[PDB]
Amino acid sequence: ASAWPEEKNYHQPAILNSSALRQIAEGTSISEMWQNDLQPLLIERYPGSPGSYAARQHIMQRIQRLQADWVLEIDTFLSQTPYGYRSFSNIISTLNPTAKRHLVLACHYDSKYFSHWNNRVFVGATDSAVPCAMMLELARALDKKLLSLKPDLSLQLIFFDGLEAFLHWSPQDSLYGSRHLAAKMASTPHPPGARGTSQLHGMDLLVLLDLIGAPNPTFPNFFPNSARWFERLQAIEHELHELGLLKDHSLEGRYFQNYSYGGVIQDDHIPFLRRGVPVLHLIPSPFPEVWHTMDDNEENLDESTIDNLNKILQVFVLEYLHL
């Protein structure tokens, strides 16, 4: 029995030099992302709604136009909810489907259901339209480098449906898409034809982006088994800063701070985490002040912060994949 599922434990990044770091910083466009990937998502899109369908089409369209050989799959399922049985659709975008290992980036694309109030509509800009757009921008910015993937390791993007509770958060009313996908992936042999390893053994690391877009986020180092990757984010943020490649940024106000978090934050990584998948949870603590209010909109997004995080994440991925 091959020990390939243990490779993630020893995987090391291929660190980019200064010139490559400048190249990545210049290759991403916050204004392009804003207009082409983010604004079309700033709409009401709770599960089963017309907005959900439109968001899903937008995400797929933006990935399909890229040169890299992305394979798109829509994982549609039924679940009981406080409003009865409903349909949900997770979006999975994968390079090299039969590749044994994948670094996974994820976020949820649904928005919490709220009835309109005083003509205001909830669109969850940081929760999680921005993370969705950051993943789309990453696919676009690194497209040429990702095309060269067409170490049996590649990249996968997951956009979960139904992260939000239809009412208030509870064990049975929340995490619909991830509870479903995690169970499905855990019972799917991988690579095809495998005897005893699942798609979950193939997940090197799950990088879950959530609640990003507000000013001054501080991401804690939640888990000891991914702490060495959290440190890479810190190193990348530090070098991009020292090279003058970040905007309105200081080390005192750095995003990746040295600090554990006792508790546990319920989010889409939970069903994966509890089945042994290593997770790097990029959710800030505390949550954005506009969390779950009509003010979680475009107007309250911090543009240079998102731009800085796009550069950091893009360098993290290139270094992880050795690209």
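In this text, residue numbers run from 1 along the sequence as written.
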Q: Note how many residues of the deposited chain are left out of the model between residue 144 and residue 145; the options are none, 1 to 3, 4 to 9, and 10 or more.
A: none
Q) Out of 115-123 and 77-85, which stretch has the higher average CA B-factor listed in the record? A) 115-123
Q | 253-261 versus 32-40 - greater average Cα B-factor per the deposited record | A | 253-261
**Q.** Residue selected from 229, 219, 166, 109 by maximal Cα B factor
**A.** 166
Q) From 148, 90, 154, 128, can you pick the one with the highest C-alpha B factor in the entry? A) 148
Q | residue 286 CA temperature factor, ranked by third within the chain | A | middle
Q) If you rank every modelled residue in this chain by C-alpha B factor, which third holds residue 69: lowest, middle or highest? A) highest
Q | CA B-factor placement of residue 276, once the chain's modelled residues are sorted into thirds | A | middle
Q: Please rank the C-alpha B-factors of the chain's modelled residues and tell me whether residue 59 sits in the lowest, middle or highest third.
A: middle
Q) Considering only modelled residues of the same chain, in which third does the CA B-factor of residue 102 rank: lowest, middle or highest? A) lowest
